[PDB]
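*Asks:* Sharing entry.cif here; it has mmCIF, C-alpha atoms and all ligand atoms.
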```
data_work
loop_
_atom_site.label_atom_id
_atom_site.label_comp_id
_atom_site.auth_asym_id
_atom_site.auth_seq_id
_atom_site.Cartn_x
_atom_site.Cartn_y
_atom_site.Cartn_z
CA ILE G 102 -16.68 35.41 -70.63
CA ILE G 103 -17.83 31.87 -71.46
CA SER G 104 -15.68 31.66 -74.60
CA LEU G 105 -12.59 32.88 -72.73
CA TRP G 106 -13.57 30.44 -69.97
CA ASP G 107 -13.44 27.31 -72.15
CA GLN G 108 -10.42 28.65 -74.06
CA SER G 109 -8.49 28.89 -70.79
CA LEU G 110 -9.26 25.26 -69.88
CA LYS G 111 -8.65 23.67 -73.29
CA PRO G 112 -4.90 23.05 -72.67
CA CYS G 113 -5.15 22.08 -68.98
CA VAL G 114 -5.37 18.74 -67.17
CA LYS G 115 -8.39 16.46 -67.59
CA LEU G 116 -9.50 14.30 -64.65
CA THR G 117 -11.03 11.50 -66.75
CA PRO G 118 -9.40 8.70 -64.65
CA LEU G 119 -10.20 10.47 -61.34
CA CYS G 120 -13.59 8.70 -61.20
CA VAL G 121 -12.11 5.68 -59.40
CA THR G 122 -14.12 4.52 -56.39
CA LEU G 123 -13.09 6.24 -53.15
CA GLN G 124 -12.95 4.99 -49.56
CA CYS G 125 -13.70 7.83 -47.15
CA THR G 126 -14.03 8.66 -43.46
CA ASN G 127 -14.85 11.81 -41.54
CA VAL G 128 -11.89 14.07 -40.76
CA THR G 129 -9.48 13.71 -37.83
CA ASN G 130 -11.26 15.34 -34.86
CA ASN G 131 -13.16 15.23 -31.54
CA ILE G 132 -16.38 15.22 -33.44
CA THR G 133 -19.20 17.35 -32.17
CA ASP G 134 -22.06 15.10 -33.20
CA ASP G 135 -24.06 18.07 -34.51
CA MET G 136 -21.52 18.92 -37.20
CA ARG G 137 -21.54 16.13 -39.76
CA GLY G 138 -17.90 16.88 -40.66
CA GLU G 139 -17.53 19.27 -43.56
CA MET G 140 -14.46 17.52 -44.97
CA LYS G 141 -13.66 13.88 -45.68
CA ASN G 142 -10.39 11.96 -45.71
CA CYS G 143 -10.25 9.38 -48.48
CA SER G 144 -7.94 6.70 -49.83
CA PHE G 145 -8.20 5.71 -53.48
CA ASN G 146 -6.41 3.70 -56.14
CA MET G 147 -4.74 5.94 -58.72
CA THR G 148 -2.80 5.12 -61.85
CA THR G 149 0.90 5.97 -61.77
CA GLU G 150 3.24 7.27 -64.48
CA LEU G 151 2.88 3.71 -65.87
CA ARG G 152 -0.48 2.41 -67.09
CA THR A 1 12.32 9.62 -17.93
CA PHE A 2 14.86 11.82 -16.15
CA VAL A 3 16.21 15.34 -16.68
CA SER A 4 19.56 16.23 -15.08
CA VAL A 5 20.35 19.95 -14.85
CA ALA A 6 23.26 21.82 -13.32
CA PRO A 7 22.33 24.04 -10.34
CA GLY A 8 21.26 27.56 -11.18
CA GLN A 9 20.83 26.68 -14.87
CA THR A 10 17.55 26.37 -16.80
CA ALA A 11 15.74 23.03 -17.13
CA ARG A 12 13.25 21.99 -19.79
CA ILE A 13 10.75 19.12 -19.74
CA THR A 14 8.83 17.48 -22.60
CA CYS A 15 5.25 16.22 -22.27
CA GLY A 16 2.89 14.35 -24.56
CA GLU A 17 2.29 13.75 -28.24
CA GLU A 18 2.77 16.47 -30.83
CA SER A 19 0.17 19.23 -31.00
CA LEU A 20 -2.75 18.91 -33.40
CA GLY A 21 -4.65 22.12 -32.66
CA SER A 22 -4.40 25.18 -30.49
CA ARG A 23 -4.14 23.69 -27.01
CA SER A 24 -4.54 24.42 -23.29
CA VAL A 25 -2.00 22.33 -21.35
CA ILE A 26 -1.82 22.00 -17.55
CA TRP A 27 1.44 21.40 -15.66
CA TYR A 28 1.64 19.52 -12.34
CA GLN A 29 4.58 19.04 -9.96
CA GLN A 30 4.09 15.91 -7.84
CA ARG A 31 6.74 15.73 -5.11
CA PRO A 32 7.84 12.26 -3.94
CA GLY A 33 5.40 10.99 -1.33
CA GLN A 34 3.02 13.96 -1.60
CA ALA A 35 -0.01 15.01 -3.70
CA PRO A 36 0.22 16.74 -7.09
CA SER A 37 0.40 20.53 -6.78
CA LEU A 38 -1.08 22.59 -9.60
CA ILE A 39 1.69 24.58 -11.31
CA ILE A 40 0.52 26.07 -14.62
CA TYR A 41 -2.70 26.28 -16.61
CA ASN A 42 -3.65 27.97 -19.91
CA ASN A 43 -0.20 26.79 -21.12
CA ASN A 44 1.51 29.75 -19.44
CA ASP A 45 -0.86 31.09 -16.75
CA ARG A 46 0.49 30.21 -13.29
CA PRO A 47 -1.75 30.63 -10.21
CA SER A 48 -1.01 32.08 -6.79
CA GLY A 49 2.05 30.67 -5.05
CA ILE A 50 4.05 29.79 -8.19
CA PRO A 51 7.04 31.98 -9.13
CA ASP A 52 7.54 33.41 -12.60
CA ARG A 53 10.48 31.02 -13.01
CA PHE A 54 8.35 28.24 -14.48
CA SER A 55 7.23 28.75 -18.08
CA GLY A 56 5.68 26.78 -20.90
CA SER A 57 4.77 26.79 -24.53
CA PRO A 58 1.78 28.93 -25.55
CA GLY A 59 -0.96 26.66 -26.80
CA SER A 60 -1.11 28.63 -30.04
CA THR A 61 1.47 26.48 -31.87
CA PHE A 62 0.69 23.41 -33.97
CA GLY A 63 3.04 20.51 -34.65
CA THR A 64 5.38 21.25 -31.73
CA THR A 65 5.20 19.56 -28.33
CA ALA A 66 4.31 20.72 -24.83
CA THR A 67 7.39 22.19 -23.13
CA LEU A 68 7.98 23.18 -19.49
CA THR A 69 10.72 25.75 -18.88
CA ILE A 70 12.12 25.84 -15.33
CA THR A 71 14.34 28.91 -15.04
CA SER A 72 17.04 28.96 -12.33
CA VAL A 73 16.55 25.38 -11.15
CA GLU A 74 16.65 24.99 -7.37
CA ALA A 75 16.88 21.94 -5.12
CA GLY A 76 13.21 21.99 -4.13
CA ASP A 77 12.14 21.60 -7.76
CA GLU A 78 13.28 17.96 -7.73
CA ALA A 79 10.00 16.17 -8.44
CA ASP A 80 7.91 14.30 -10.97
CA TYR A 81 6.09 16.44 -13.52
CA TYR A 82 2.83 15.61 -15.27
CA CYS A 83 0.69 17.58 -17.70
CA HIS A 84 -2.91 17.45 -18.93
CA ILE A 85 -3.37 17.99 -22.67
CA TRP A 86 -6.44 19.69 -24.16
CA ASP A 87 -6.17 19.57 -27.95
CA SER A 88 -9.00 21.09 -29.96
CA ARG A 89 -8.46 18.14 -32.33
CA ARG A 90 -8.31 15.11 -30.03
CA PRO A 91 -10.91 13.86 -27.52
CA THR A 92 -10.72 14.62 -23.82
CA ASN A 93 -7.76 12.82 -22.26
CA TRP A 94 -8.46 11.08 -18.95
CA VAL A 95 -5.00 9.49 -18.74
CA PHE A 96 -2.67 12.24 -17.52
CA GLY A 97 0.51 12.86 -19.46
CA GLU A 98 3.29 10.47 -18.57
CA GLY A 99 5.86 11.52 -16.03
CA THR A 100 9.21 13.25 -16.31
CA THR A 101 11.51 13.25 -13.27
CA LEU A 102 13.62 16.35 -12.68
CA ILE A 103 17.06 15.67 -11.18
CA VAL A 104 19.12 18.65 -10.05
CA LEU A 105 22.74 17.52 -10.09
CA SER A 106 25.51 17.72 -7.47
CA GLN A 107 23.61 17.99 -4.21
CA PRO A 108 26.37 16.40 -4.01
CA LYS A 109 27.05 13.93 -1.18
CA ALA A 110 25.41 12.74 2.04
CA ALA A 111 26.83 10.23 4.51
CA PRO A 112 24.17 7.80 5.78
CA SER A 113 23.13 7.56 9.42
CA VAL A 114 22.97 3.88 10.39
CA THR A 115 20.97 3.08 13.53
CA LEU A 116 21.09 -0.59 14.54
CA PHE A 117 18.39 -1.77 16.93
CA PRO A 118 18.35 -5.15 18.70
CA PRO A 119 15.08 -7.03 19.16
CA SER A 120 12.76 -5.66 21.81
CA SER A 121 12.27 -7.49 25.10
CA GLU A 122 8.50 -7.87 24.74
CA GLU A 123 9.28 -9.39 21.36
CA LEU A 124 11.87 -11.67 22.99
CA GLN A 125 9.28 -13.17 25.33
CA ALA A 126 6.93 -13.43 22.33
CA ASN A 127 9.30 -15.94 20.65
CA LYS A 128 10.31 -13.83 17.62
CA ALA A 129 13.59 -12.05 16.86
CA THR A 130 13.99 -9.05 14.56
CA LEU A 131 16.92 -6.69 13.92
CA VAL A 132 16.23 -3.11 12.83
CA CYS A 133 19.03 -1.33 11.00
CA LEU A 134 17.84 2.15 10.00
CA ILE A 135 19.68 4.16 7.34
CA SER A 136 18.82 7.85 6.96
CA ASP A 137 20.04 11.03 5.27
CA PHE A 138 22.16 9.63 2.43
CA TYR A 139 22.73 10.57 -1.19
CA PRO A 140 22.28 9.02 -3.54
CA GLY A 141 20.13 5.99 -2.73
CA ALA A 142 22.46 3.20 -3.86
CA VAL A 143 22.84 1.41 -0.51
CA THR A 144 23.39 -2.36 -0.32
CA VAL A 145 23.26 -4.00 3.11
CA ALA A 146 24.83 -7.23 4.38
CA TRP A 147 24.55 -8.88 7.80
CA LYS A 148 27.20 -10.67 9.87
CA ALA A 149 26.97 -13.44 12.51
CA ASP A 150 29.96 -12.28 14.61
CA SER A 151 32.39 -12.93 11.75
CA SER A 152 30.31 -14.70 9.13
CA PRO A 153 27.79 -13.51 6.54
CA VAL A 154 24.09 -14.30 6.97
CA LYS A 155 22.20 -15.58 3.93
CA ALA A 156 18.49 -15.94 4.73
CA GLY A 157 15.94 -13.83 6.60
CA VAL A 158 17.48 -10.61 5.24
CA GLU A 159 14.85 -7.92 4.61
CA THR A 160 15.60 -4.45 3.27
CA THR A 161 13.40 -1.63 2.00
CA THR A 162 14.24 0.60 -0.92
CA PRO A 163 16.10 3.93 -0.78
CA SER A 164 13.15 6.32 -0.55
CA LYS A 165 13.47 10.07 -0.95
CA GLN A 166 11.29 12.12 1.40
CA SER A 167 10.50 15.82 0.77
CA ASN A 168 14.23 16.51 1.08
CA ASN A 169 17.51 15.50 -0.53
CA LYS A 170 17.61 12.88 2.24
CA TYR A 171 16.78 9.27 1.40
CA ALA A 172 15.59 6.45 3.66
CA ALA A 173 16.05 2.70 3.90
CA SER A 174 15.24 0.20 6.63
CA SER A 175 16.75 -3.24 7.21
CA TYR A 176 15.03 -6.02 9.13
CA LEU A 177 16.42 -9.46 9.91
CA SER A 178 14.25 -12.23 11.32
CA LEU A 179 16.13 -14.37 13.85
CA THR A 180 15.28 -17.34 16.07
CA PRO A 181 15.31 -16.65 19.84
CA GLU A 182 18.00 -19.29 20.43
CA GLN A 183 20.56 -17.66 18.11
CA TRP A 184 20.44 -14.05 19.32
CA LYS A 185 21.86 -15.47 22.56
CA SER A 186 24.04 -18.13 20.91
CA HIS A 187 26.29 -15.83 18.88
CA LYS A 188 28.63 -13.14 20.21
CA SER A 189 27.49 -9.93 18.46
CA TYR A 190 25.59 -9.17 15.27
CA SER A 191 26.66 -6.74 12.54
CA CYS A 192 24.78 -4.55 10.06
CA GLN A 193 27.12 -3.58 7.20
CA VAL A 194 25.58 -0.82 5.07
CA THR A 195 27.46 -0.02 1.84
CA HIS A 196 26.86 3.38 0.24
CA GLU A 197 28.51 4.66 -2.94
CA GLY A 198 31.86 3.15 -1.94
CA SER A 199 31.89 3.63 1.84
CA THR A 200 30.99 0.72 4.11
CA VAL A 201 29.80 1.53 7.64
CA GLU A 202 29.00 -1.23 10.12
CA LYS A 203 27.19 -1.21 13.46
CA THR A 204 27.20 -4.19 15.84
CA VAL A 205 25.25 -5.16 18.96
CA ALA A 206 25.83 -7.55 21.87
CA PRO A 207 23.34 -9.30 24.18
CA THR A 208 23.03 -8.51 27.87
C1 LIG J 301 -6.04 10.87 -43.72
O1 LIG J 301 -5.87 9.46 -43.72
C2 LIG J 301 -4.53 9.05 -44.03
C3 LIG J 301 -4.56 7.54 -44.08
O2 LIG J 301 -4.15 7.05 -45.36
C4 LIG J 301 -3.56 9.60 -42.99
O3 LIG J 301 -2.23 9.28 -43.39
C5 LIG J 301 -1.64 8.52 -42.33
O4 LIG J 301 -1.46 9.33 -41.17
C6 LIG J 301 -0.92 8.62 -40.05
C7 LIG J 301 -0.89 9.59 -38.89
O5 LIG J 301 -2.16 9.71 -38.27
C8 LIG J 301 0.45 8.06 -40.40
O6 LIG J 301 0.92 7.26 -39.32
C9 LIG J 301 2.22 7.75 -38.94
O7 LIG J 301 3.23 7.22 -39.79
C10 LIG J 301 4.53 7.75 -39.52
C11 LIG J 301 5.49 7.24 -40.59
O8 LIG J 301 5.70 5.85 -40.37
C12 LIG J 301 6.94 5.46 -41.00
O9 LIG J 301 7.93 5.23 -40.03
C13 LIG J 301 7.59 4.24 -39.05
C14 LIG J 301 8.73 4.19 -38.04
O10 LIG J 301 9.05 5.54 -37.69
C15 LIG J 301 7.37 2.88 -39.75
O11 LIG J 301 6.91 1.94 -38.79
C16 LIG J 301 6.33 3.01 -40.89
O12 LIG J 301 6.24 1.78 -41.61
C17 LIG J 301 6.64 4.19 -41.82
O13 LIG J 301 7.78 3.79 -42.59
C18 LIG J 301 4.94 7.32 -38.10
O14 LIG J 301 6.20 7.91 -37.78
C19 LIG J 301 3.87 7.77 -37.07
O15 LIG J 301 4.19 7.28 -35.77
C20 LIG J 301 3.87 8.31 -34.81
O16 LIG J 301 2.52 8.17 -34.35
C21 LIG J 301 2.23 7.02 -33.53
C22 LIG J 301 0.75 7.02 -33.22
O17 LIG J 301 0.47 5.98 -32.29
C23 LIG J 301 3.10 7.09 -32.27
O18 LIG J 301 2.80 6.00 -31.42
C24 LIG J 301 4.57 7.06 -32.69
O19 LIG J 301 5.41 7.06 -31.54
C25 LIG J 301 4.90 8.22 -33.64
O20 LIG J 301 4.89 9.40 -32.83
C26 LIG J 301 2.47 7.35 -37.48
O21 LIG J 301 2.41 5.94 -37.33
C27 LIG J 301 0.39 7.21 -41.67
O22 LIG J 301 1.70 6.83 -42.07
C28 LIG J 301 -0.29 7.99 -42.79
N1 LIG J 301 -0.43 7.16 -43.98
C29 LIG J 301 -0.45 7.65 -45.22
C30 LIG J 301 -0.61 6.64 -46.32
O23 LIG J 301 -0.35 8.85 -45.45
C31 LIG J 301 -3.70 11.11 -42.86
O24 LIG J 301 -2.92 11.57 -41.77
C32 LIG J 301 -5.16 11.49 -42.64
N2 LIG J 301 -5.31 12.94 -42.61
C33 LIG J 301 -6.33 13.56 -42.03
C34 LIG J 301 -6.32 15.06 -42.09
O25 LIG J 301 -7.24 12.95 -41.47
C1 LIG J 302 -7.76 -0.53 -54.50
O1 LIG J 302 -6.93 -1.51 -54.91
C2 LIG J 302 -6.68 -2.41 -53.84
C3 LIG J 302 -5.32 -3.02 -54.10
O2 LIG J 302 -4.34 -2.00 -54.22
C4 LIG J 302 -7.82 -3.40 -53.87
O3 LIG J 302 -7.78 -4.22 -52.71
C5 LIG J 302 -8.53 -5.41 -52.98
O4 LIG J 302 -9.71 -5.40 -52.19
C6 LIG J 302 -10.57 -6.53 -52.40
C7 LIG J 302 -11.83 -6.26 -51.60
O5 LIG J 302 -12.64 -5.29 -52.24
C8 LIG J 302 -9.85 -7.80 -51.97
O6 LIG J 302 -10.70 -8.91 -52.21
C9 LIG J 302 -8.56 -7.95 -52.77
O7 LIG J 302 -7.82 -9.07 -52.29
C10 LIG J 302 -7.70 -6.68 -52.66
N1 LIG J 302 -6.47 -6.79 -53.44
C11 LIG J 302 -6.30 -6.93 -54.77
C12 LIG J 302 -7.54 -6.96 -55.63
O8 LIG J 302 -5.18 -7.01 -55.27
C13 LIG J 302 -9.17 -2.69 -54.03
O9 LIG J 302 -9.84 -3.17 -55.19
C14 LIG J 302 -9.12 -1.13 -54.03
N2 LIG J 302 -9.47 -0.60 -52.71
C15 LIG J 302 -10.17 0.52 -52.49
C16 LIG J 302 -10.65 1.27 -53.70
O10 LIG J 302 -10.42 0.91 -51.35
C1 LIG J 303 -19.53 11.02 -39.97
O1 LIG J 303 -20.50 12.07 -39.82
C2 LIG J 303 -21.86 11.61 -39.91
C3 LIG J 303 -22.74 12.83 -39.98
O2 LIG J 303 -24.12 12.49 -40.04
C4 LIG J 303 -22.14 10.71 -38.72
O3 LIG J 303 -23.50 10.29 -38.74
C5 LIG J 303 -21.20 9.52 -38.77
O4 LIG J 303 -21.37 8.73 -37.59
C6 LIG J 303 -19.73 9.96 -38.86
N1 LIG J 303 -18.87 8.80 -39.08
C7 LIG J 303 -17.73 8.57 -38.42
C8 LIG J 303 -17.33 9.58 -37.40
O5 LIG J 303 -17.05 7.57 -38.64
#
```
Give the structure from the file, written as structure tokens.
*Replies:*
Amino acid sequence: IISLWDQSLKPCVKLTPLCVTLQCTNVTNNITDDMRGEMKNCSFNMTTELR
Amino acid sequence: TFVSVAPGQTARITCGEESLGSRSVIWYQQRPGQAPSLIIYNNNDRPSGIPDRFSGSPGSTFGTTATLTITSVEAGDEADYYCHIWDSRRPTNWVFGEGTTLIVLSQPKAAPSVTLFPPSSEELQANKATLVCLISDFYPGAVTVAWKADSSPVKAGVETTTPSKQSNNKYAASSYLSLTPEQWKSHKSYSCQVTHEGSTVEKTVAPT
């Protein structure tokens, strides 16, 4: 199951430039202070089709 | 904002920002000069005294706006309409939804009743003159009033309220004119010329 696992991911997309710093906030809501906000909404700089 | 609907047709009215979550929207019908009357809650649950004509959008939809569906519009339904929005996504709104005036069309026409009143005698001994033209029961409220000094227009002192609807198709407008005691006796007879929609009607008065 492990071998098949890595073999299925060998040709797929690597996120090596997805480690750019992120700028995040809590999600769009009437926050109930108790819930910390399970999701986050984040802007980041990403490289385009050109380097 | 104004909605003009033919009589006996169906009206629709739009309130508030777009939905963000499943909502519970209230609908209020404030009649001109009166207090807001509660019309619909739970987005489609109308209380006692409200016919099944009025409808709404169920607060189960996201992305669409709050809609009020008046079926078989009648003359009494002419009013301002507000709404209170309760989105599961946005904080509690304390500013009610902005208004939307319903206008049933083709009442169609009302001739004004012009009632010219001279100054009162107790006022005459009190050294102040005031003329009271009183325009009632007209439609629509587009009246413009001029005043005449026996044959000549009067420029200053002219006071006139605004055409004000009152729990009826009927409108209302007053017209005061401040005059000096010496000139109510000096001139021959004073004229109130009320112009409405294209018809001018004039009432005059003469001193004793
Ligand atoms: C996560 O965070 C991101 C931030 O990056 C959010 O993305 C933004 O979301 C907001 C909505 O909350 C977007 O703002 C909206 O933009 C629309 C598009 O604007 C274009 O057109 C207008 C003229 O129509 C131009 O002025 C403008 O330059 C753009 O060309 C507007 O149409 C929206 O206006 C509506 O809302 C305002 C709110 O006050 C009303 O007053 C208006 O009348 C109108 O109804 C609005 O301004 C913003 O564009 C998004 N930016 C990006 C980069 O995506 C995500 O929404 C957020 N997601 C979550 C889940 O939190
Ligand atoms: C993402 O890139 C933006 C530009 O697209 C950068 O914005 C700079 O922000 C710094 C402050 O940290 C300012 O001093 C610069 O003037 C900004 N513009 C530049 C450098 O062109 C920023 O580095 C990134 N912002 C994020 C990750 O939130
Ligand atoms: C995000 O949630 C955390 C949860 O602890 C809270 O303390 C913080 O104030 C929130 N930040 C916001 C809403 O900007």
*Asks:* For a quick check of understanding, using all atoms listed in the file, which of G:141, G:131, G:104, G:125 has the smallest distance to chain A?
*Replies:* G:131
*Asks:* For chain A, list the residues within 6 Å of chain G, counting all atoms listed in the file, and write the list as a list in words.
*Replies:*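 Listing them in order of chain and number gives residues 89, 90 and 91 of chain A.
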*Asks:* Edge lengths and centre in Å to one decimal, as lines of an AutoDock Vina configuration file, is what I'm after for the box along x, y and z that holds all listed atoms of ligand LIG 302 (chain J) once 6 Å is added on each side.
*Replies:*
```
center_x = -8.5
center_y = -3.9
center_z = -53.5
size_x = 20.3
size_y = 22.3
size_z = 16.3
```
*Asks:* Return as a Markdown table the residues of chain G lying at most 7 Å from ligand LIG 303 (chain J), together with the closest atom-to-atom pair for each and the distance in Å to one decimal, counting all atoms listed in the file, with rows in chain order and ascending residue number.
*Replies:*
```
| residue | atom | partner | partner_atom | distance |
| --- | --- | --- | --- | --- |
| G:126 | CA | J:LIG303 | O5 | 5.8 |
| G:127 | CA | J:LIG303 | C1 | 5.0 |
| G:132 | CA | J:LIG303 | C8 | 7.0 |
| G:136 | CA | J:LIG303 | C3 | 6.8 |
| G:137 | CA | J:LIG303 | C3 | 3.5 |
| G:138 | CA | J:LIG303 | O1 | 5.5 |
```
*Asks:* Would you compute the distance between atom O12 of ligand LIG 301 (chain J) and atom CA of residue 142 of chain G? Give it in Å to one decimal.
*Replies:* 19.9 Å
*Asks:* If you count all atoms listed in the file, which residues fall within 7 Å of residue 3 of chain A, apart from same-chain ones fewer than 5 positions away, as a list in words?
*Replies:*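 Using all atoms listed in the file, the neighbours found are residues 101, 102 and 103 of chain A.
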*Asks:* To check your reading of the model: which residues sit at most 6 Å from ligand LIG 302 (chain J) when counting only C-alpha atoms and all ligand atoms? Write the answer as a PyMOL selection string.
*Replies:* chain G and resi 122-124+145-146
*Asks:* One number please: atom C34 of ligand LIG 301 (chain J) to atom CA of residue 88 of chain A, in Å, one decimal.
*Replies:* 13.8 Å
*Asks:* Go through A:130, A:204, A:19, A:9 and flag the residue nearest residue 159 of chain A, using all atoms listed in the file for the distances.
*Replies:*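 Among the listed residues, the smallest separation from residue 159 of chain A belongs to A:130.
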*Asks:* Kindly give the distance, in Å, that separates atom CA of residue 178 of chain A and atom CA of residue 208 of chain A, rounded to a single decimal.
*Replies:*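 Answer for the atom CA of residue 178 of chain A to atom CA of residue 208 of chain A separation: 19.1 Å.
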*Asks:* May I ask which of the residues G:134, G:143, G:102, G:148 is the closest one to residue 116 of chain G, counting all atoms listed in the file?
*Replies:*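 Among the listed residues, G:148 lies closest to residue 116 of chain G.
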*Asks:* Need the shell around residue 28 of chain A: protein/DNA/RNA residues with any atom at most 12 Å away, counting only C-alpha atoms. Skip same-chain ones fewer than 2 positions apart. Format as a VMD selection string?
*Replies:* chain A and resid 13 15 25 to 26 30 to 31 35 to 41 43 46 to 47 50 54 56 68 77 79 to 85 96 to 101
*Asks:* Quick one: residues within 12 Å of residue 141 of chain A, all atoms listed in the file counted, chain neighbours fewer than 5 positions away excluded, as a ChimeraX atom specification?
*Replies:* /A:109-112,135-136,161-166,169-173,194-197
*Asks:* Need the neighbours of (17.4, 19.1, -14.8): which residues are at most 8 Å away, counting only C-alpha atoms, as a ChimeraX atom specification?
*Replies:* /A:2-6,10-12,73,102-105
